[PDB]
file target.pdb (PDB, N, CA, C and O atoms and all ligand atoms)
MODEL        1
ATOM      1  N   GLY A  24      27.177  26.129  70.501
ATOM      2  CA  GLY A  24      27.015  27.394  71.249
ATOM      3  C   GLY A  24      28.147  28.361  70.940
ATOM      4  O   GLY A  24      29.292  28.114  71.323
ATOM      5  N   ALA A  25      27.848  29.463  70.246
ATOM      6  CA  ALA A  25      28.809  30.494  69.825
ATOM      7  C   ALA A  25      29.203  31.473  70.963
ATOM      8  O   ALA A  25      29.005  32.687  70.857
ATOM      9  N   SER A  26      29.725  30.952  72.079
ATOM     10  CA  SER A  26      30.280  31.763  73.177
ATOM     11  C   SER A  26      31.468  32.635  72.726
ATOM     12  O   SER A  26      32.192  32.304  71.782
ATOM     13  N   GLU A  27      31.682  33.765  73.406
ATOM     14  CA  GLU A  27      32.866  34.613  73.206
ATOM     15  C   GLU A  27      34.137  33.950  73.783
ATOM     16  O   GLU A  27      34.158  33.513  74.935
ATOM     17  N   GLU A  28      35.208  33.871  72.984
ATOM     18  CA  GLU A  28      36.477  33.205  73.342
ATOM     19  C   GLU A  28      37.695  34.040  72.903
ATOM     20  O   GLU A  28      38.488  33.634  72.050
ATOM     21  N   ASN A  29      37.834  35.240  73.485
ATOM     22  CA  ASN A  29      38.953  36.180  73.267
ATOM     23  C   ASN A  29      39.126  36.631  71.793
ATOM     24  O   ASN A  29      40.230  36.960  71.336
ATOM     25  N   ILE A  30      38.028  36.626  71.031
ATOM     26  CA  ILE A  30      37.975  37.036  69.619
ATOM     27  C   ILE A  30      38.407  38.502  69.466
ATOM     28  O   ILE A  30      38.019  39.376  70.247
ATOM     29  N   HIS A  31      39.210  38.760  68.429
ATOM     30  CA  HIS A  31      39.813  40.058  68.117
ATOM     31  C   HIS A  31      39.799  40.291  66.596
ATOM     32  O   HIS A  31      40.544  39.654  65.850
ATOM     33  N   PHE A  32      38.924  41.182  66.128
ATOM     34  CA  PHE A  32      38.833  41.574  64.715
ATOM     35  C   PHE A  32      39.626  42.864  64.462
ATOM     36  O   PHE A  32      39.495  43.842  65.204
ATOM     37  N   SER A  33      40.417  42.884  63.388
ATOM     38  CA  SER A  33      41.180  44.064  62.944
ATOM     39  C   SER A  33      40.281  45.246  62.540
ATOM     40  O   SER A  33      40.677  46.404  62.683
ATOM     41  N   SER A  34      39.069  44.958  62.046
ATOM     42  CA  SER A  34      38.029  45.927  61.670
ATOM     43  C   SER A  34      36.667  45.233  61.515
ATOM     44  O   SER A  34      36.602  44.057  61.141
ATOM     45  N   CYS A  35      35.568  45.971  61.712
ATOM     46  CA  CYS A  35      34.214  45.535  61.343
ATOM     47  C   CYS A  35      34.062  45.104  59.871
ATOM     48  O   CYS A  35      33.169  44.311  59.571
ATOM     49  N   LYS A  36      34.928  45.560  58.953
ATOM     50  CA  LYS A  36      34.927  45.103  57.548
ATOM     51  C   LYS A  36      35.139  43.585  57.439
ATOM     52  O   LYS A  36      34.439  42.911  56.686
ATOM     53  N   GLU A  37      36.049  43.033  58.245
ATOM     54  CA  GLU A  37      36.298  41.586  58.331
ATOM     55  C   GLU A  37      35.158  40.845  59.058
ATOM     56  O   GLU A  37      34.791  39.730  58.684
ATOM     57  N   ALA A  38      34.551  41.477  60.067
ATOM     58  CA  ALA A  38      33.390  40.936  60.776
ATOM     59  C   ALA A  38      32.176  40.765  59.833
ATOM     60  O   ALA A  38      31.590  39.682  59.754
ATOM     61  N   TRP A  39      31.846  41.789  59.038
ATOM     62  CA  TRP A  39      30.773  41.736  58.037
ATOM     63  C   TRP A  39      30.993  40.678  56.946
ATOM     64  O   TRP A  39      30.026  40.041  56.522
ATOM     65  N   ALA A  40      32.239  40.413  56.540
ATOM     66  CA  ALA A  40      32.572  39.319  55.617
ATOM     67  C   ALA A  40      32.245  37.911  56.177
ATOM     68  O   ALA A  40      32.077  36.961  55.408
ATOM     69  N   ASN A  41      32.102  37.783  57.502
ATOM     70  CA  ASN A  41      31.672  36.572  58.214
ATOM     71  C   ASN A  41      30.193  36.633  58.668
ATOM     72  O   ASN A  41      29.712  35.720  59.343
ATOM     73  N   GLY A  42      29.459  37.698  58.319
ATOM     74  CA  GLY A  42      28.053  37.908  58.692
ATOM     75  C   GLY A  42      27.835  38.464  60.108
ATOM     76  O   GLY A  42      26.704  38.450  60.597
ATOM     77  N   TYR A  43      28.890  38.932  60.784
ATOM     78  CA  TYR A  43      28.812  39.503  62.134
ATOM     79  C   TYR A  43      28.305  40.954  62.051
ATOM     80  O   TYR A  43      29.068  41.882  61.770
ATOM     81  N   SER A  44      27.007  41.144  62.283
ATOM     82  CA  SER A  44      26.313  42.441  62.304
ATOM     83  C   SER A  44      25.306  42.522  63.458
ATOM     84  O   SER A  44      24.886  41.495  63.998
ATOM     85  N   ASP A  45      24.917  43.747  63.843
ATOM     86  CA  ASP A  45      24.026  44.028  64.989
ATOM     87  C   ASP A  45      24.435  43.274  66.279
ATOM     88  O   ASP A  45      23.611  42.678  66.977
ATOM     89  N   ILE A  46      25.741  43.248  66.571
ATOM     90  CA  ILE A  46      26.309  42.565  67.743
ATOM     91  C   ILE A  46      25.742  43.176  69.040
ATOM     92  O   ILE A  46      25.858  44.384  69.269
ATOM     93  N   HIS A  47      25.154  42.330  69.894
ATOM     94  CA  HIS A  47      24.625  42.678  71.226
ATOM     95  C   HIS A  47      25.610  42.302  72.348
ATOM     96  O   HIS A  47      26.624  41.644  72.116
ATOM     97  N   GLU A  48      25.306  42.709  73.580
ATOM     98  CA  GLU A  48      26.061  42.323  74.783
ATOM     99  C   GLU A  48      26.284  40.798  74.886
ATOM    100  O   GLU A  48      25.376  39.997  74.648
ATOM    101  N   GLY A  49      27.514  40.395  75.222
ATOM    102  CA  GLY A  49      27.928  38.989  75.343
ATOM    103  C   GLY A  49      28.396  38.324  74.037
ATOM    104  O   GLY A  49      28.971  37.234  74.084
ATOM    105  N   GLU A  50      28.189  38.952  72.873
ATOM    106  CA  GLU A  50      28.772  38.513  71.593
ATOM    107  C   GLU A  50      30.147  39.171  71.335
ATOM    108  O   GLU A  50      30.405  40.292  71.794
ATOM    109  N   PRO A  51      31.033  38.509  70.565
ATOM    110  CA  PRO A  51      32.373  39.008  70.264
ATOM    111  C   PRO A  51      32.331  40.290  69.427
ATOM    112  O   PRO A  51      31.745  40.326  68.343
ATOM    113  N   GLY A  52      32.973  41.342  69.934
ATOM    114  CA  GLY A  52      33.074  42.643  69.270
ATOM    115  C   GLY A  52      32.185  43.735  69.870
ATOM    116  O   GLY A  52      32.358  44.898  69.525
ATOM    117  N   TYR A  53      31.282  43.410  70.801
ATOM    118  CA  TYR A  53      30.473  44.399  71.535
ATOM    119  C   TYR A  53      31.317  45.486  72.242
ATOM    120  O   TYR A  53      30.867  46.618  72.444
ATOM    121  N   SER A  54      32.550  45.135  72.620
ATOM    122  CA  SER A  54      33.484  45.999  73.350
ATOM    123  C   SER A  54      33.966  47.215  72.542
ATOM    124  O   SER A  54      33.995  47.213  71.307
ATOM    125  N   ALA A  55      34.455  48.239  73.250
ATOM    126  CA  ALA A  55      35.112  49.422  72.669
ATOM    127  C   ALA A  55      36.316  49.089  71.753
ATOM    128  O   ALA A  55      36.684  49.878  70.881
ATOM    129  N   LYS A  56      36.910  47.899  71.932
ATOM    130  CA  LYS A  56      37.998  47.325  71.115
ATOM    131  C   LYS A  56      37.634  47.105  69.634
ATOM    132  O   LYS A  56      38.537  46.964  68.807
ATOM    133  N   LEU A  57      36.342  47.103  69.296
ATOM    134  CA  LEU A  57      35.809  46.932  67.935
ATOM    135  C   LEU A  57      35.032  48.171  67.468
ATOM    136  O   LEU A  57      35.228  48.647  66.349
ATOM    137  N   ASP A  58      34.158  48.700  68.327
ATOM    138  CA  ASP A  58      33.286  49.836  68.022
ATOM    139  C   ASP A  58      33.913  51.149  68.523
ATOM    140  O   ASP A  58      33.839  51.471  69.711
ATOM    141  N   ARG A  59      34.557  51.900  67.616
ATOM    142  CA  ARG A  59      35.306  53.144  67.910
ATOM    143  C   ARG A  59      34.514  54.204  68.691
ATOM    144  O   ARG A  59      35.080  54.932  69.506
ATOM    145  N   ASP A  60      33.206  54.269  68.452
ATOM    146  CA  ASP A  60      32.244  55.181  69.086
ATOM    147  C   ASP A  60      31.625  54.627  70.392
ATOM    148  O   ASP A  60      30.891  55.346  71.074
ATOM    149  N   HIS A  61      31.946  53.375  70.755
ATOM    150  CA  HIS A  61      31.452  52.582  71.896
ATOM    151  C   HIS A  61      30.004  52.892  72.326
ATOM    152  O   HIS A  61      29.729  53.213  73.485
ATOM    153  N   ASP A  62      29.061  52.787  71.389
ATOM    154  CA  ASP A  62      27.632  53.093  71.605
ATOM    155  C   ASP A  62      26.771  51.866  71.989
ATOM    156  O   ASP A  62      25.546  51.890  71.851
ATOM    157  N   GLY A  63      27.399  50.785  72.472
ATOM    158  CA  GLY A  63      26.716  49.573  72.955
ATOM    159  C   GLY A  63      26.184  48.653  71.847
ATOM    160  O   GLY A  63      25.320  47.810  72.097
ATOM    161  N   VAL A  64      26.692  48.814  70.624
ATOM    162  CA  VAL A  64      26.421  47.985  69.437
ATOM    163  C   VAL A  64      27.727  47.883  68.648
ATOM    164  O   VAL A  64      28.536  48.811  68.697
ATOM    165  N   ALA A  65      27.937  46.809  67.890
ATOM    166  CA  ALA A  65      29.111  46.682  67.024
ATOM    167  C   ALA A  65      28.743  46.156  65.630
ATOM    168  O   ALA A  65      27.847  45.319  65.479
ATOM    169  N   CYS A  66      29.442  46.684  64.619
ATOM    170  CA  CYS A  66      29.219  46.430  63.192
ATOM    171  C   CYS A  66      27.725  46.532  62.796
ATOM    172  O   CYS A  66      27.158  45.665  62.128
ATOM    173  N   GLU A  67      27.055  47.581  63.286
ATOM    174  CA  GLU A  67      25.624  47.842  63.076
ATOM    175  C   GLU A  67      25.228  47.968  61.588
ATOM    176  O   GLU A  67      25.920  48.603  60.790
ATOM    177  N   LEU A  68      24.085  47.375  61.222
ATOM    178  CA  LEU A  68      23.591  47.267  59.837
ATOM    179  C   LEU A  68      22.066  47.508  59.786
ATOM    180  O   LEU A  68      21.306  46.851  59.074
ATOM    181  N   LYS A  69      21.611  48.456  60.612
ATOM    182  CA  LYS A  69      20.207  48.877  60.777
ATOM    183  C   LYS A  69      19.872  50.044  59.831
ATOM    184  O   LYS A  69      19.620  51.170  60.268
ATOM    185  N   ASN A  70      19.890  49.745  58.526
ATOM    186  CA  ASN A  70      19.687  50.679  57.401
ATOM    187  C   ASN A  70      20.656  51.889  57.432
ATOM    188  O   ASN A  70      20.225  53.042  57.196
TER     189      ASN A  70
HETATM  190 CA    CA B 101      28.568  52.010  66.912
ENDMDL
END
call {"tool": "encode", "arguments": {"input": "target.pdb", "output": "structure tokens", "more": "lines below"}}
Ligand SMILES: [Ca+2]
result
Amino acid sequence: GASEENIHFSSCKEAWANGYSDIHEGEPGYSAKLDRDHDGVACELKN
């Protein structure tokens, strides 16, 4: 179970290198701490 555990990425560039894209609520990086525009998605890859 991939629960959130105080995860902190320096940038979405490092998140994408681990396959972390289209992050939803309750996943690591959904917060304003990752998504500069805080639009309720993180490291989005929807074309
Ligand atoms: Ca965004």
call {"tool": "resolve_selection", "arguments": {"input": "target.pdb", "expression": "the PyMOL selection byres (((not hetatm)) within 6 of (chain B and resi 101))", "output": "ChimeraX atom specification"}}
result
/A:58,60-67
call {"tool": "write_last_selection", "arguments": {"input": "target.pdb", "atoms": "N, CA, C and O atoms", "output": "mmCIF file, keeping the file's coordinate frame"}}
result
data_model
loop_
_atom_site.group_PDB
_atom_site.id
_atom_site.type_symbol
_atom_site.label_atom_id
_atom_site.label_comp_id
_atom_site.auth_asym_id
_atom_site.auth_seq_id
_atom_site.Cartn_x
_atom_site.Cartn_y
_atom_site.Cartn_z
ATOM 1 N N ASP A 58 34.158 48.700 68.327
ATOM 2 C CA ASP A 58 33.286 49.836 68.022
ATOM 3 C C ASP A 58 33.913 51.149 68.523
ATOM 4 O O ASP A 58 33.839 51.471 69.711
ATOM 5 N N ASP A 60 33.206 54.269 68.452
ATOM 6 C CA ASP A 60 32.244 55.181 69.086
ATOM 7 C C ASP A 60 31.625 54.627 70.392
ATOM 8 O O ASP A 60 30.891 55.346 71.074
ATOM 9 N N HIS A 61 31.946 53.375 70.755
ATOM 10 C CA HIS A 61 31.452 52.582 71.896
ATOM 11 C C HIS A 61 30.004 52.892 72.326
ATOM 12 O O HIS A 61 29.729 53.213 73.485
ATOM 13 N N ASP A 62 29.061 52.787 71.389
ATOM 14 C CA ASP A 62 27.632 53.093 71.605
ATOM 15 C C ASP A 62 26.771 51.866 71.989
ATOM 16 O O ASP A 62 25.546 51.890 71.851
ATOM 17 N N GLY A 63 27.399 50.785 72.472
ATOM 18 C CA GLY A 63 26.716 49.573 72.955
ATOM 19 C C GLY A 63 26.184 48.653 71.847
ATOM 20 O O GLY A 63 25.320 47.810 72.097
ATOM 21 N N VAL A 64 26.692 48.814 70.624
ATOM 22 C CA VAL A 64 26.421 47.985 69.437
ATOM 23 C C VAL A 64 27.727 47.883 68.648
ATOM 24 O O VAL A 64 28.536 48.811 68.697
ATOM 25 N N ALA A 65 27.937 46.809 67.890
ATOM 26 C CA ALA A 65 29.111 46.682 67.024
ATOM 27 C C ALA A 65 28.743 46.156 65.630
ATOM 28 O O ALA A 65 27.847 45.319 65.479
ATOM 29 N N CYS A 66 29.442 46.684 64.619
ATOM 30 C CA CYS A 66 29.219 46.430 63.192
ATOM 31 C C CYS A 66 27.725 46.532 62.796
ATOM 32 O O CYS A 66 27.158 45.665 62.128
ATOM 33 N N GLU A 67 27.055 47.581 63.286
ATOM 34 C CA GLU A 67 25.624 47.842 63.076
ATOM 35 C C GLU A 67 25.228 47.968 61.588
ATOM 36 O O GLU A 67 25.920 48.603 60.790
#
call {"tool": "select_by_dssp", "arguments": {"input": "target.pdb", "residues": "range 36-66 of chain A", "states": "helix (DSSP H, G or I)", "output": "list in words"}}
result
residues 36, 37, 38 and 39 of chain A
call {"tool": "axis_aligned_box", "arguments": {"input": "target.pdb", "around": "range 59-63 of chain A", "padding_each_side": "6 Å", "output": "JSON"}}
result
{"center_x": 30.3, "center_y": 51.6, "center_z": 70.6, "size_x": 22.0, "size_y": 19.5, "size_z": 17.9}
call {"tool": "atom_distance", "arguments": {"input": "target.pdb", "atom1": "atom N of residue 59 in chain A", "atom2": "CA of residue 29 in chain A"}}
result
17.3 Å
call {"tool": "resolve_selection", "arguments": {"input": "target.pdb", "expression": "the PyMOL selection byres (((chain A and resi 49) around 8) and not hetatm)", "output": "list in words"}}
result
residues 25, 26, 27, 28, 46, 47, 48, 50, 51, 52, 53 and 54 of chain A
call {"tool": "closest_residue", "arguments": {"input": "target.pdb", "among": "A:30, A:70, A:35, A:24", "to": "residue 57 in chain A", "atoms": "only C-alpha atoms"}}
result
A:35
call {"tool": "atom_distance", "arguments": {"input": "target.pdb", "atom1": "atom O of residue 41 in chain A", "atom2": "CA of residue 55 in chain A"}}
result
19.9 Å
call {"tool": "decode", "arguments": {"input": "target.pdb", "residues": "chain A", "atoms": "C-alpha atoms", "output": "compact mmCIF listing (two decimals), in the first residue's frame"}}
result
# COMPACT_ATOMS: atom_id res chain seq x y z
CA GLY A 24 0.00 0.00 0.00
CA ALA A 25 1.64 3.23 -1.30
CA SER A 26 0.41 5.56 1.53
CA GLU A 27 1.79 9.14 1.85
CA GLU A 28 4.70 9.28 4.40
CA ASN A 29 6.04 12.92 4.53
CA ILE A 30 7.42 12.64 0.92
CA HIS A 31 9.16 15.81 -0.39
CA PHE A 32 10.26 16.18 -4.06
CA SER A 33 12.65 19.01 -5.10
CA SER A 34 10.71 19.24 -8.45
CA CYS A 35 8.11 17.36 -10.57
CA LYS A 36 11.11 16.55 -12.91
CA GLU A 37 12.34 14.04 -10.25
CA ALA A 38 8.74 12.78 -9.69
CA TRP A 39 8.33 11.99 -13.46
CA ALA A 40 11.67 10.05 -13.42
CA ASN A 41 9.90 7.70 -10.89
CA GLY A 42 6.61 7.60 -12.96
CA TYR A 43 4.71 9.97 -10.55
CA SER A 44 2.15 11.69 -12.87
CA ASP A 45 -1.57 12.74 -12.65
CA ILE A 46 -1.29 12.80 -8.80
CA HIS A 47 -4.76 12.90 -7.09
CA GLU A 48 -5.84 13.78 -3.50
CA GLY A 49 -4.13 11.59 -0.82
CA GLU A 50 -1.05 10.80 -3.03
CA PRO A 51 2.40 12.39 -2.32
CA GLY A 52 2.85 15.76 -4.08
CA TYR A 53 -0.88 16.76 -4.41
CA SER A 54 -0.05 19.70 -2.04
CA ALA A 55 0.94 23.30 -3.00
CA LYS A 56 4.50 22.23 -1.85
CA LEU A 57 4.92 20.45 -5.27
CA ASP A 58 2.39 22.12 -7.64
CA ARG A 59 3.34 25.87 -7.91
CA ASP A 60 -0.10 26.75 -9.42
CA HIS A 61 -1.95 24.61 -6.73
CA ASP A 62 -4.75 23.54 -9.17
CA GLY A 63 -5.61 20.25 -7.30
CA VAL A 64 -3.32 18.06 -9.51
CA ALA A 65 0.48 17.47 -9.42
CA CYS A 66 3.01 16.58 -12.17
CA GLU A 67 0.10 16.45 -14.70
CA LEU A 68 0.70 14.56 -18.01
CA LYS A 69 -2.75 14.88 -19.71
CA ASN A 70 -1.38 15.69 -23.23
